[PDB]
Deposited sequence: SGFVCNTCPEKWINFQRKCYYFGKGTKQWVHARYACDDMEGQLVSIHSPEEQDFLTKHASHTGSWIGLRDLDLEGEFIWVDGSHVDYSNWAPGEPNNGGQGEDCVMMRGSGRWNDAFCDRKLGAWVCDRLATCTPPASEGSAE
């Protein structure tokens, strides 16, 4: 009936859980690190979710789960969803910079995928209160 339960070290927002990771990672590195924790690099689909992420975002930049896929020819989230909501920094995005990071402001920019960032965000679904 109510789905806000999250694992230790994760934080709940709405029906999801979020992990604010710290450590030096390239984009595909953060992707696999989230997968190792049974999550995914975060996907962002509303201003309310973004505002939550901004409150907890690292000041020096974080990888998020968005990258430009060559065959589809567009930015696609790690879970296969399309970009409906976006929070690009003004002028962004602008060949080579295929991966997407989130600044301390919450705003996004594209970047070389081998850039090393000190933070990254995973998400997963929250679990739910049981039957009595």
| property | result |
| --- | --- |
| Parts of the chain sequence, as deposited, that carry no C-alpha coordinates in this structure | 1-2, 97-99, 138-143 |
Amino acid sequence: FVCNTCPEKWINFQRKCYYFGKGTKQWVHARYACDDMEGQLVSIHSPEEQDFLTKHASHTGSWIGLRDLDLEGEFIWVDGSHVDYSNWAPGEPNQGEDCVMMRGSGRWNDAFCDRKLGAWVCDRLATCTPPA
From here on, numbers count along this sequence of modelled residues.
property	result
Of 64-72 and 95-103, the one with larger mean CA B-factor	95-103
5-13 set against 19-27, stretch whose average Cα temperature factor tops the other in the entry	5-13
Selection from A33, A57, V83, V42 [criterion: highest C-alpha temperature factor in the record]	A57
Third of the chain, ranked by Cα B-factor, where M37 sits	highest
